[PDB]
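Report on the following structure.
The chains referred to below are lettered A, B, ... by the order of the sequence lines, with proteins before strands, and numbering in each begins at 1.
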Amino acid sequence: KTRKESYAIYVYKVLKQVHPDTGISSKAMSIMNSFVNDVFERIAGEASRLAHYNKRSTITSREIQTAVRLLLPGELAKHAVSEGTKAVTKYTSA
Amino acid sequence: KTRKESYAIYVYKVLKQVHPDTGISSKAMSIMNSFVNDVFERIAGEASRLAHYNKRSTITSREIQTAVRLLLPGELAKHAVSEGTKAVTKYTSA
Amino acid sequence: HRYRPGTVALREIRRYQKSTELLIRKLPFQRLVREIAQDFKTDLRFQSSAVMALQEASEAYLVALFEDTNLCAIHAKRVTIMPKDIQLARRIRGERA
Amino acid sequence: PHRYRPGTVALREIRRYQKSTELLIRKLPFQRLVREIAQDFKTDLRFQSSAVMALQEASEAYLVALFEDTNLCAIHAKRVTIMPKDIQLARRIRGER
Amino acid sequence: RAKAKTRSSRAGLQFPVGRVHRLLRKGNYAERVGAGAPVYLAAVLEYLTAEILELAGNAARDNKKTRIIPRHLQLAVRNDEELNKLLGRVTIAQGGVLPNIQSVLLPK
Amino acid sequence: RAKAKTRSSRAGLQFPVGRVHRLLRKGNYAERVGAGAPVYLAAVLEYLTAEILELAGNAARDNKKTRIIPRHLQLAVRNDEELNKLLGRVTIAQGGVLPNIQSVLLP
Amino acid sequence: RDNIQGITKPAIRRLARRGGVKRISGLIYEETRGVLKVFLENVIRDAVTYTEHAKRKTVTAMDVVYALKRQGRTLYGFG
Amino acid sequence: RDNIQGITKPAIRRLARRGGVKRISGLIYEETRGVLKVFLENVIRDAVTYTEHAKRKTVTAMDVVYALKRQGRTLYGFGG
DNA sequence: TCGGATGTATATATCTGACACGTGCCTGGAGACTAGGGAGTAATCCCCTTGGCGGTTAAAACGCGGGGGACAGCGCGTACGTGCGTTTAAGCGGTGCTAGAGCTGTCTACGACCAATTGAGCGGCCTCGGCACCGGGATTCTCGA
DNA sequence: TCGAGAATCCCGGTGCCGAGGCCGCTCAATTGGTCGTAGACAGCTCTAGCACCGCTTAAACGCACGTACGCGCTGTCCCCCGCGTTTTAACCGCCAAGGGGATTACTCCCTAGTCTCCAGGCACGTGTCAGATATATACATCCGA
């Protein structure tokens with residue numbers, strides 16, 4: 001069979017971080033994979049439009065941050081911006 | 001100033017073809033330019049999605065035709081497909 | 001014994017708002033899907049997943065429409081659901097508008 | 001002392017304002033409201049005139065369409081007066097509550 | 001060389017095939033763009049422009065005007081079923097609305 | 001060469017920075033993709049996944065269940081004000097509806 | 001083929017009970033059948049357009065998912 | 001700074017007349033002001049986000065057009 | 001059922017400013033090639049879709065009695081429409097200043113590209129325990145006294 | 001308030017199939033260097049956004065009256081609900097056939113890329129003629145009467 005990639009491994013890692021005893025089923029994992037893909041395409045498309053508006057060829061952390069602020073509602077946007085900024089700072093430090 | 005291009009002379013050419021005696025205002029021409037850009041973006045984005053779905057790296061007249069079929073309603077799609085096919089055939093023969 | 005004309009209806013409301021099953025029979029829905037698809041392309045085949053996705057989407061759409069319809073019926077100081085409520089919900093949503 | 005019955009001038013106004021395309025909100029109060037709202041997002045903000053004009057066009061179109069939706073809810077309940085409950089039902093069915 | 005002929009002349013179009021090709025190539029839609037894609041897209045855009053402009057010119061004639069204004073475009077779009085479906089979530093600036101009063105509100 | 005270290009480990013994430021970078025670079029989004037864009041996007045995606053999974057696990061525990069089923073995901077999303085706003089035009093298969101009977105319908 | 005009559009009155013009543021409806025008029029079933037038919041026609045037309053573009057004779061679940069996402073009705077759980 | 005009262009009662013009556021409304025309740029005006037404040041808050045938030053991204057101090061008409069397109073409310077005649 | 005009176009449409013001047021045309025230039029599209037890889041075209045494999053059959057029984061269809069809700073009058077109070085007089089900022093036209101939007105020139109550092117290497121993730125294979133199912137009794141809601 | 005009786009729930013055994021863990025291995029991500037251009041930065045410039053300022057005057061505001069409408073109450077009656085019996089076909093467990101989805105190899109033609117060049121389109125400048133703006137007239141409609 002051909003190799004079809006998904007987010008199941010990372011979703012399960014996050015689940016075991018949050019609820020170490022709780023498991024997940026096949027259909028719930030399909031729903032979670034669909035959710036991750038949907039949000040990825042949303043943020044990436046918004047960032048692509050932002051880069052096109054300002055006449056730039058590069059999608060940067062600024063574009064992703066602005067797209068997250070535009071798309072995510074309220075406190076979700078604030079916490080996601082905190083998470084992304086922390087991750088980029090940690091990555092640049094190392 | 002700098003050169004800012006628009007579909008102003010082409011909309012005027014089409015208007016002279018359709019109704020040879022009437023004109024158009026600047027706000028109506030702005031609305032027509034916005035309409036052309038909006039529909040261009042809709043069809044081009046649909047064709048881009050269609051090419052991505054089928055794992056093709058080229059946008060061809062088949063992608064444009066299917067995007068027109070999916071986006072335009074009813075008889076609009078049929079007549080637009082007819083016009084596009086006529087144009088492509090005439091271009092290829094010439 | 002006989003229950004009054006509203007008790008069993010409320011019991012079924014509680015029962016079907018607690019479950020996640022599909023409420024339309026699968027074979028009639030599949031036949032309807034194939035019959036509708038006959039008008040777009042002849043000699044068509046369907047994956048079981050395709051018909052299952054169509055049924056999930058259709059049932060979700062109908063349940064949401066019935067929620068809006070119930071809101072419209074309650075607006076008119078009624079408890080019975082009527083076709084005009086469906087039409088008002090579909091018009092405000094933007095479907096038949 | 002000539003007097004029109006209640007509703008005659010209302011229908012006259014309906015026809016007059018459905019026949020025209022002008023903006024029905026005074027421009028300076030709307031500009032002040034827009035600047036006041038934007039003060040909470042960034043200080044010392046400047047606005048192009050076309051930006052405020054675009055905002056007013058969009059706001060007026062939205063409000064007009066919402067009033068057309070509200071009138072249907074008022075008529076559904078067998079009324080001619082639009083009430084805040086009609087606005088609430090219209091915005092709930094639209095998906096804006 | 002040779003006398004240059006625009007690709008909108010070879011296709012019998014009043015819309016720019018070359019500019020549409022450039023906008024497709026520099027718009028982040030696909031890695032490659034075919035030769036007939038700009039021609040098809042230009043033909044579709046020209047057809048849509050022509051039909052909306054025909055309806056708008058009819059609306060201008062009905063109002064006894066020699067020029068098209070946004071009101072005529074709005075009347076054309078909202079009076080056509082397919083154009084209204086295509087532009088259902090679109091606001092035309094200074095287009096107004098369609099004259100319509102419900103029957104229950106009429107005096108009787 | 002030096003021993004390979006994944007970019008997710010450098011960023012401290014469990015979502016793939018390299019795969020997300022490849023998806024951005026092969027998705028027809030821009031001519032170029034910056035070095036911090038995949039890190040930011042992976043962090044945001046992981047945060048959203050963690051939020052939904054936490055709420056769904058709470059629902060599963062409430063129903064005396066060890067496993068998350070689509071019903072628990074629907075219960076988690078529809079009972080959160082912001083997750084319901086994000087997934088507003090989204091249908092979850094086999095999720096059902098929230099129990100909600102209008103007050104006028106009761107005896 | 002009158003296969004729209006296979007969506008029976010008890011099935012529509014169950015769909016109404018899940019939606020919270022307590023009392024139902026006798027003319028609701030034909031209206032519901034019409035609404036369902038229109039919705040299915042739109043979705044199936046889009047799905048078949050996707051199917052023919054791919055040069056296929058089988059309608060896949062991904063075609064349905066793309067057709068629904070076009071309609072603004074994203075569905076999770078089928079790809 | 002109480003600029004929401006500059007959307008007067010006659011203006012709301014006119015906007016209702018263009019919407020085909022014959023009779024209006026007295027509590028409609030406050031509800032309409034709240035609705036308009038919510039709508040304007042959302043659109044202006046998006047437009048100012050677009051302006052901040054461009055490292056600009058002036059909110060342009062394109063920012064408003066993009067902000068409206070984000071909500072699904074495409075507007076013709078102001079650029080895009 | 002006819003006379004007033006009110007609001008809106010129509011036809012004729014009359015300026016005016018915006019649209020349509022003409023000109024110079026410049027930059028982007030066309031002409032003429034070259035190079036390489038995307039996809040079109042065969043072939044093959046085997047999966048999963050369609051068609052058929054039988055038995056169970058779950059659900060649907062039909063019918064019947066009755067109660068409760070939809071709907072049509074009927075009345076009453078109030079609150080919204082219409083109109084008039086007073087007040088107030090909106091709109092317009094000019095004026096002055098400067099903040100910042102926009103363009104240009106340098107230059108550098110960051111992302112694309114490429115080549116080699118290896119380990120993370122995916123497909124396939126078990127295995128047991130969480131849950132679906134079965135049965136019985138406790139609990140609770142309903143409804144006729 | 002109070003008991004039959006019905007429906008949902010809550011405990012105990014069963015067993016079973018899907019989730020979770022393990023193992024190759026393969027390709028996609030990582031590491032280490034160049035290259036060149038995208039964008040960061042500094043400076044100029046010169047729109048256009050902002051802040052008064054005075055005058056009309058159009059619109060907003062406040063009030064008074066009354067009338068049409070919103071809302072509550074009452075009665076009919078018929079339509080929908082609940083329940084019992086019969087009938088139907090959905091569903092489940094197998095079985096068989098083959099169409100078509102999916103993958104692999106080869107090669108050719110089609111698209112990207114580069115240089116030359118010149119003509120299409122854009123910015124500018126200008127005039128005139130649709131159209132906005134009075135103004136008087138002519139009707140179309142509304143409301144007692």
Side-chain angles (χ1 to χ4, degrees), chain A residues 1-6 9 12 23-26 56-58, chain B residues 1-5 9 12 23-26 56-58, chain C residues 1-9 11 15 25-28 45-48 78-80 82, chain D residues 1-10 12 16 26-29 46-49 79-81, chain E residues 1-2 4-7 16 18-19 21-22 25 31-35 65-67 107, chain F residues 1-2 4-7 16 18-19 21-22 25 31-35 65-67, chain G residues 8-11 23-26 56-58 60, chain H residues 8-11 23-26 56-58 60:
Chain A
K1 187 175 86 180
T2 203
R3 282 184 184 181
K4 186 45 211 155
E5 49 164 50
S6 57
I9 287 203
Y12 201 77
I24 203 159
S25 61
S26 266
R56 319 281 253 181
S57 314
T58 325
Chain B
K1 208 197 166 290
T2 51
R3 299 198 169 173
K4 195 136 292 182
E5 74 200 18
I9 46 168
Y12 199 62
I24 194 150
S25 67
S26 60
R56 312 281 200 111
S57 95
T58 322
Chain C
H1 187 88
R2 208 163 206 290
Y3 284 107
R4 277 161 83 250
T7 311
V8 190
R11 243 149 51 190
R15 145 165 201 203
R25 298 280 145 263
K26 275 162 191 55
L27 272 198
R45 301 188 124 204
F46 279 88
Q47 298 190 345
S48 39
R78 274 185 283 105
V79 318
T80 312
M82 260 150 228
Chain D
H2 177 74
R3 279 205 70 130
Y4 284 117
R5 306 249 207 79
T8 313
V9 191
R12 224 157 65 210
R16 144 177 199 181
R26 299 285 138 257
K27 277 152 279 167
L28 276 183
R46 276 154 107 91
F47 274 91
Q48 290 191 347
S49 43
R79 280 186 276 106
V80 317
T81 313
Chain E
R1 204 160 279 189
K5 301 203 269 291
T6 69
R7 286 139 72 191
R19 171 187 296 185
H21 197 199
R22 181 207 78 219
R25 283 184 344 240
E31 172 191 318
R32 316 199 307 161
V33 171
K65 312 223 151 303
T66 323
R67 293 213 281 263
Chain F
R1 312 196 292 258
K5 225 199 145 194
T6 59
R7 279 189 279 176
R19 165 178 304 181
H21 196 198
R22 190 243 306 152
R25 263 193 298 91
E31 198 200 316
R32 301 135 54 89
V33 174
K65 253 70 208 183
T66 297
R67 280 197 221 123
Chain G
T8 57
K9 142 178 193 179
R23 213 172 182 257
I24 310 174
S25 178
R56 272 183 326 239
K57 293 111 153 194
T58 300
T60 61
Chain H
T8 53
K9 152 177 201 264
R23 219 162 175 260
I24 314 178
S25 201
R56 256 194 284 105
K57 323 270 190 23
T58 296
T60 57

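Closest approach of B/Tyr12 and B/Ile24 over heavy atoms only: CD1-CG2, 4.2 Å. The heavy-atom pair separating C/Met82 from G/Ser25 by the smallest distance is CG-CB, 4.1 Å. What you find for E/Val33 and E/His21 is that their closest heavy atoms are CG1-CD2, 3.5 Å.
Counting only heavy atoms from C-beta on, G/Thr8 has its side chain closest to I/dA60 among J/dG82, J/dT111, I/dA60. Considering only side-chain atoms of C/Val8, the nucleotide from J/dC83, J/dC142, I/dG81 that sits closest is J/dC83. The listed nucleotides are I/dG121, J/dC61, I/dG29; the one nearest the side chain of H/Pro10 is J/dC61.
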Identify the pairs formed between an N or O of the protein and an N or O of nucleotides 17-19 of chain I at a distance under 3.5 Å, and give each distance.
residue	atom	partner	partner atom	Å
I/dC19	OP1	B/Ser26	N	3.3

Which atoms of nucleotides 43-50 of chain I (N or O only) lie under 3.5 Å from a protein N or O atom, and what are those distances?
residue	atom	partner	partner atom	Å
I/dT49	OP2	C/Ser48	OG	3.2
I/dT50	OP1	C/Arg34	NH1	2.8
I/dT50	OP1	C/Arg34	NH2	3.4
I/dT50	OP1	C/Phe46	N	3.1
I/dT50	OP2	C/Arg34	NH2	2.9
I/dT50	OP2	C/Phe46	O	3.4

For nucleotides 115-117 of chain I, which of its nitrogen or oxygen atoms have a protein nitrogen or oxygen under 3.5 Å away, and what is each distance?
residue	atom	partner	partner atom	Å
I/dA116	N3	F/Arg1	NH1	2.9
I/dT117	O4'	F/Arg1	NH1	2.7
I/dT117	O4'	F/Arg1	NH2	3.0
I/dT117	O2	F/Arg1	NH2	3.1

Nucleotide N/O of nucleotides 6-16 of chain J paired with protein N/O under 3.5 Å:
none

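For G/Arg23 and F/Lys5, each mapped to the nucleotide of DNA chain J holding its nearest heavy atom, the one lying further toward the 5' end belongs to F/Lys5. Comparing C/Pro28 and C/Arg2 along DNA chain J, the residue whose closest nucleotide (by nearest heavy atom) sits nearer the 5' end is C/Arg2. In terms of position along DNA chain I, the nucleotide closest to D/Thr8 lies nearer the 5' end than the nucleotide closest to the other residue of the pair F/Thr6 and D/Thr8.
Under the rule for a side chain to side chain donor-acceptor pair (under 3.5 Å), the partners of H/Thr60 that lie at least two apart in sequence or sit in another chain are H/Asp63. Residues passing the side chain to side chain donor-acceptor pair (under 3.5 Å) test with D/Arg26: none are found, sequence neighbours excluded. E/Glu31 pairs by the side chain to side chain donor-acceptor pair (under 3.5 Å) definition with nothing, not counting sequence neighbours. For the side-chain contact (heavy atoms from CB on, under 4.5 Å) test, residues two or more places apart in sequence or in another chain that qualify with E/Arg32 are B/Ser57, B/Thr58. Partners of D/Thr8 by side-chain contact (heavy atoms from CB on, under 4.5 Å), not counting sequence neighbours, listed by chain and number: D/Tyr4, D/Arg5. In this structure, the side chain to side chain donor-acceptor pair (under 3.5 Å) partners of C/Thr80, at least two apart in sequence or on a different chain, are G/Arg23.
For I/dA5, neither phosphate oxygen OP1 nor OP2 lies less than 4.0 angstrom from any side-chain nitrogen or oxygen of D/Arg3. Between B/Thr2 and J/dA123 there is no side-chain polar atom (N or O) within less than 4.0 angstrom of OP1 or OP2. Applying the 4.0 Å criterion to OP1 and OP2 of J/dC69, one finds that D/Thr81 has every side-chain N and O outside that range. Regarding contacts with the backbone of I/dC80, a side-chain N or O of H/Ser25 is found under 4.0 angstrom from either OP1 or OP2.
Nucleic acid contact class of H/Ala11 (heavy atoms, under 4.0 Å, all strands): none.
Per the geometry, NZ belonging to H/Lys9 stands 11 Å off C1' belonging to I/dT82, to the nearest Å. In this structure, the CG atom of D/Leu28 is 13 Å from the P atom of J/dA60, given to the nearest Å. In this structure, E/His21 places its NE2 atom 9 Å from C1' of J/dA112, rounding to the nearest Å. Rounded to an integer number of Å, the gap from B/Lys1 NZ to J/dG125 P is 14 Å. Straight-line distance from the CZ atom of E/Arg7 to the P atom of J/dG120: 15 Å, rounded to whole Å. The separation between D/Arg5 atom CZ and J/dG144 atom P is 5 Å, rounded to whole Å. Rounded to an integer number of Å, the gap from D/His2 NE2 to I/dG81 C1' is 14 Å. Atom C1' of nucleotide J/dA89 and atom CZ of C/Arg25 are separated by 11 Å, given to the nearest angstrom.
For J/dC41, the ring torsion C1'-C2'-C3'-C4' comes out negative, which puts the sugar in the south group.
Using atom P as the reference point in both I/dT117 and I/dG40, the two lie 37 Å apart (nearest Å). Taking atom P in both J/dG82 and I/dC143, the straight-line distance is 10 Å, to the nearest Å. J/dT88 and J/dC9 are spaced 35 Å apart, taking the P atom of each and rounding to whole Å.
More than 12 heavy atoms of other residues, nucleotides or ligands sit less than 6.0 Å from atom CZ of D/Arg12. Annotation: E/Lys5, atom NZ; neighbour count of heavy atoms from other residues, nucleotides and ligands within 6.0 Å does not exceed 12.
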Watson-Crick and G-U pairing of DNA chain I, under 3.5 Å, as dot-bracket with | and [ ]: ....|||||||||||||||||||||||||||||||||||||||||||||||||||||||||||||||||||||||||||||||||||||||||.||||||||||||||||||||||||||||||||||||||.||||.||.||||
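Looking at B/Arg3, its side chain has no donor and acceptor atom pair within 3.5 Å of the base of I/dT27.
More than 90° away from 0 lies the glycosidic angle of J/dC81, which makes this nucleotide anti.
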Footprint string (nucleotides 35-41 of chain I, 5' to 3'): B base within contact, S backbone only, - free, heavy atoms under 4.0 Å: ---SSS-
